[PDB]
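> What follows is a protein structure lacking sequence information:
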Ligand SMILES: *[B@@]1([O])O[C][C]([C][O])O1
């Protein structure tokens, strides 16, 4: 189709490898570009960890208010929010928000610990029907994004389906889903990524990711004003380990998708 030709051209112009999946919930139609190839998730994995904790809170009703101590040894490479609470506590809700809205890596590691390790996050994916997602490592090493390495990867198609289920479907309880949506809509790191390729009037909730090999990712739910929502996953990675981030590619891919509607 037109859109796949334009995405391929965008990819060729970028020098990297682009993966896109769009679900239009109006007719449950799908647009895929490298939709079944694996890509390093980097911080887009934080959505799954937060959702797993939300799922736990359906039974442990007070779980999100549980305080978790932030110690100096907990700090890793990128901890904008946790740093503000060293030698103090954050609740699991605050950690989930920090992981999602600021991409805080310490917060992510606390979420992983709450779930019993990366295998606990992966287990949640399996439990909601995602056979593709795999989380193998903690922060920061899950961002190594080595070409061909299956660790800490998913495919665009899988992640789009899973994001749809978590935010628009009923993989989570009603209060939990609403909370996740609220968190994603309040993301602070996304302005140059999918959001930048979309009409300013559309509401977006997204989670970015970035890693080595110039890996530049964003996953979003999109509420166009007067129109069924869309789920859009854009993954991008490059052949050079030290490549620079290319958020513009994700913006351009979103723009191309939006044109075709
Ligand atoms: B994710 O990908 O978003 C930022 C942090 C940097 O390590 O991880």
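Received, thanks. Numbering: from 1, shown residues only.
> what are the phi and psi values for the residue of the chain found nearest the ligand?
Closest contact between the chain and the ligand, by C-beta to the nearest ligand atom, is at residue 43 (2.5 Å). In this view, the C-beta of every residue, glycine as well, is placed from N, C-alpha and C. According to degrees, to the nearest 10, the main-chain angles of residue 43 amount to phi -70, psi 0.
> isn't residue 185 right next to residue 204, touching?
Yes - judged on C-beta atoms under 8 Å, residue 185 makes contact with residue 204 at a distance of 7.4 Å.
> The two: who's more crowded?
The neighbour count for residue 185 versus residue 204, taken as other C-beta atoms under 10 Å, is higher for residue 204 (24 against 15).
> Packing partners of the helix or strand containing that one?
Counting by DSSP states H and E, the secondary-structure element that holds residue 204 is strand 203-211. With contacts defined as 3 or more C-beta pairs under 8 Å, 6 or more residues apart in numbering; DSSP states H and E, the secondary structure elements packing on strand 203-211 are helix 174-185, strand 215-223.
> angle of the last one against strand 203-211?
I take that to be strand 215-223. For strand 215-223 and strand 203-211, the angle between their directions (axes from the mean of the first three to the mean of the last three C-alpha atoms, to 10 degrees) works out to 170 degrees.
> So strand 215-223, near the ligand or not?
No - under the criterion of C-beta under 6 Å from any ligand atom, the ligand is not reached by strand 215-223; the shortest gap measures 7.3 Å.
> Just list what that strand packs against, helices and strands only.
On a contact count with 3+ C-beta pairs under 8 Å, 6+ apart, strand 215-223 meets strand 39-40, helix 156-167, helix 174-185, strand 203-211, strand 230-237, helix 247-259.
> got the contact list for the longest one?
Right, helix 247-259. Helix 247-259 has contacts (C-beta atoms under 8 Å, 6 or more residues apart in numbering) with 3, 6-7, 10, 14, 16, 18, 20, 22, 31, 192-199, 208, 216-218, 220, 232, 234, 236.
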